[PDB]
Structures are given as C-alpha cells and as structure tokens.
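Number of protein chains: 2
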Amino acid sequence: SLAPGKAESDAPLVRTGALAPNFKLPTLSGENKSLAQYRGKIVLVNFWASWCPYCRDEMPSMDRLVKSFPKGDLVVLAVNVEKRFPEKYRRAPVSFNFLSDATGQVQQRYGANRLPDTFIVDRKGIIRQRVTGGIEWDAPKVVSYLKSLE
Amino acid sequence: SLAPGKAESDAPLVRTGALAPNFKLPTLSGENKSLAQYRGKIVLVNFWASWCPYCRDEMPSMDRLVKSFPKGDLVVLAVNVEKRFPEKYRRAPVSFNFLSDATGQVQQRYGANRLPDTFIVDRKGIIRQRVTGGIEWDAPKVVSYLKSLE
Numbered sequence: 039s040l041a042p043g044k045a046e047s048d049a050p051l052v053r054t055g056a057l058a059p060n061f062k063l064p065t066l067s068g069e070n071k072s073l074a075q076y077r078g079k080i081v082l083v084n085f086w087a088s089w090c091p092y093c094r095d096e097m098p099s100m101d102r103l104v105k106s107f108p109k110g111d112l113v114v115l116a117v118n119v120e121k122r123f124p125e126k127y128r129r130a131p132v133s134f135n136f137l138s139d140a141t142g143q144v145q146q147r148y149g150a151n152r153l154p155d156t157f158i159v160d161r162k163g164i165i166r167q168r169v170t171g172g173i174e175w176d177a178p179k180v181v182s183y184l185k186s187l188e
Numbered sequence: 039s040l041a042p043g044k045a046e047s048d049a050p051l052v053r054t055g056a057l058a059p060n061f062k063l064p065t066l067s068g069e070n071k072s073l074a075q076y077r078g079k080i081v082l083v084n085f086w087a088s089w090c091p092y093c094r095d096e097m098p099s100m101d102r103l104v105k106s107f108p109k110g111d112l113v114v115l116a117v118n119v120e121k122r123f124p125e126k127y128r129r130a131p132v133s134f135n136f137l138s139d140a141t142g143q144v145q146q147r148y149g150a151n152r153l154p155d156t157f158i159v160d161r162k163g164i165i166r167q168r169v170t171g172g173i174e175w176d177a178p179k180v181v182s183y184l185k186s187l188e
C-alpha cells in the first residue's frame, strides 16, 4: 500500500452559486443551440440516456412542468449522451430541446457522470442547484422552488 | 434544496484487483502501443501534463526506477493528456514510452481526473494499485512493492 502524493485537478470547474459552463450543441434539425442564448429564462440543463430507466421515468413530470409555465419561461436543454441519438425520441411530443453531445465534451465539463443529472440555471446564468437522479419535476416543492427564481 | 433521486453511473469501470482497461494509443513516432502488448511485464500507466509541477517533479525518480530494473521488465506508459504533446519531452533521455490521448478517451476511462495519476498493472494485467499524485518512485518501499509482483 503506497501513500499518495500531491496532485492537481485536470477538470474544469462546475459550481453551484457560480455562472454555468457555456456550451453550444446541435439540435435534431442540425441547428445549434447554446446555453447563453437562453439568458433571461430559467434553464434546466439535463443529461440523459434512453437506456436509463430513471431518465425515462422523469420525463412526463418534466414535460408537465415546462408546459405549465408561460411559453418559453422555462427551457429544458435535454442533452442526450449516447453515441447515436435515439431515433424514437425525435418524434416525442415533449417540450424539451433535444441536443446531442457526440464528443462527450459538454457532459465531461459538467461532471455529469451519473444520469439523469440536471443543472438548474437561473435567469442570470448561475447554477442554483444540481439535481442528480430522477425526481418528480412537477412536485409542488419543485414548482415553488423554480418560481422563487421567477 | 431539492432531494436527489435514483441515478445510474455513466462511467465504465476501473477497479483495483480487476483486469485493467485496454487501450491503444499513438507514440511519438506515430506507431501504436497497447497496454495488452505488455502482458508479462509490470506496467506503470501514468497520466501526466507538462504544466503540472508534481508531474514534472516525479519524473527523475521514475526514470531511475525503470533503469534499475532488468531491461523491459518494468514498462512506463506515460500518457500525456494535453491537446498537443509538449515538444520538449520528445528529446527527453528517459525510459518512458510517451503516448498522447488526443480524444481524452483513455484518461476518461481510467477516471484519471487528478494528475499525476499512475496505475500499477501487474504481469497478468490486474491493477494492483492506483497512486494519485507525485511520489518518490525509487523509494525502497516502492521498489520492494514492485519486486513483490516480480
């Protein structure tokens, strides 16, 4: 058993209370969307995979949440982490902006190594909370929390 | 403050006591080297960056260690994690096999997010220890430990 020595991090930073890491990724239509283009709105940056049951399970509550807010006031950037985007989700009647992260870079920069992983970004771009795992996104406490950001 | 839900890992596995993750990467000469080609020898899989003082500081002790073993019995695979390989190290008189990991994939598969990070792989391919950070690789306890693997 050998003792460790001094080391330095080789990861960029992602911090609650600080401005979110910028990113720009391809949509389903091959248009690009960025986090920064949504400044002024509340954004859920969600990392997910079709094979993960907890990712699939949380989608209905997130859809109800988004559709219950005034149009465009809450934005979901649903970043799929799979090598190929799951074709079936292209025709899902949900109010999410589906993105693909083919290089893996955005997922890595967010340190999103467990799925689903959702970062709640406020109107000014601050990560106000990380929610790891599937939750009930339309629960009263959650809706209240989001409203407390406007 | 929202409670987390159930999540699943999106990382492949890297475990002390289990066979090491395979990889094949380009050398300085544009030849490819793999971990598996060194089965039968003790291998130090080392992730490093030129800008990290602890990476630079540990190199002399690792060079002495390798040169003190019978030729080829201990192999260092010195995987540089930088976007571009640091040119100056191409002419370093050291007994390391320098590799580049341009896609970032091998570093990610080893979960090597602090540097230096070294995985000691035995003759049969088992990761026997992870050493995070710069250590004195020619210290008697270390040399003894490596000899205890043959």
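Order-wise, the sequence lines are chains A and B. FYI, in this note's numbering the residues of the first sequence are 39 to 188. FYI, in this note's numbering the residues of the second sequence are 39 to 188. Built from N, CA and C at the ideal position, the CB exists for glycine as well.
In terms of DSSP beta bridges, what is residue i paired with?
i	result
residue 64 of chain B	B:70
residue 86 of chain B	B:118
residue 47 of chain B	A:152
residue 167 of chain A	A:158
residue 80 of chain A	A:112
residue 40 of chain B	Paired residues: none, contrary to the question.
residue 138 of chain A	A:118
residue 172 of chain A	B:44
residue 57 of chain B	B:164
Give me, in chain order, the residues of the same chain whose beta-carbon lies closer than 6 Å to that of residue i; leave out the 5 immediate sequence neighbours on both sides.
i	result
residue 166 of chain B	158 and 160
residue 50 of chain A	147
residue 62 of chain A	70 and 72
residue 113 of chain A	76, 79 and 81
residue 176 of chain B	99, 102 and 103
residue 170 of chain B	152 and 155
residue 185 of chain A	none
Sorted by chain position, which residues of the same chain lie with C-beta nearer than 8 Å to residue i's C-beta, five sequence neighbours on each side aside?
i	result
residue 179 of chain B	none
residue 123 of chain B	66, 136 and 138
residue 181 of chain A	103 and 106
residue 127 of chain A	88, 118 and 136
residue 121 of chain A	140
residue 60 of chain A	72, 73 and 74
residue 56 of chain A	164 and 165
Would you mind working out which of the options sits nearest residue i, comparing C-alpha positions?
i	options	result
residue 137 of chain A	A:96, A:110 and A:119	A:119
residue 92 of chain A	B:181, B:42 and B:184	B:42
residue 145 of chain A	A:64, A:77, A:55 and A:84	A:84
residue 58 of chain A	A:163, A:176, A:184 and A:173	A:163
residue 174 of chain B	B:48, B:94 and B:55	B:94
residue 47 of chain A	B:115, B:168 and B:90	B:90
residue 54 of chain B	B:168, B:183 and B:188	B:168
residue 142 of chain A	A:125, A:96 and A:86	A:86
residue 187 of chain A	A:39, A:172, A:125 and A:111	A:111
residue 97 of chain A	A:185, A:172 and A:184	A:172
Does the distance between the C-beta of residue i and the nearest non-hydrogen atom of the ligand SAH fall short of 7 Å?
i	result
residue 127 of chain A	In terms of ligand content, the structure shown is empty, and the ligand SAH therefore cannot be addressed.
Please go through the same chain and pick out, in chain order, the residues whose beta-carbon is closer than 7 Å to the beta-carbon of residue i, but skip the five residues on each side of it.
i	result
residue 149 of chain B	49 and 52
Do the region 147-155 of chain B and the region 64-72 of chain B touch if we need at least three Cβ pairs shorter than 8 Å? no
Do the region 125-137 of chain B and the region 97-107 of chain B touch if we need at least three Cβ pairs shorter than 8 Å? yes
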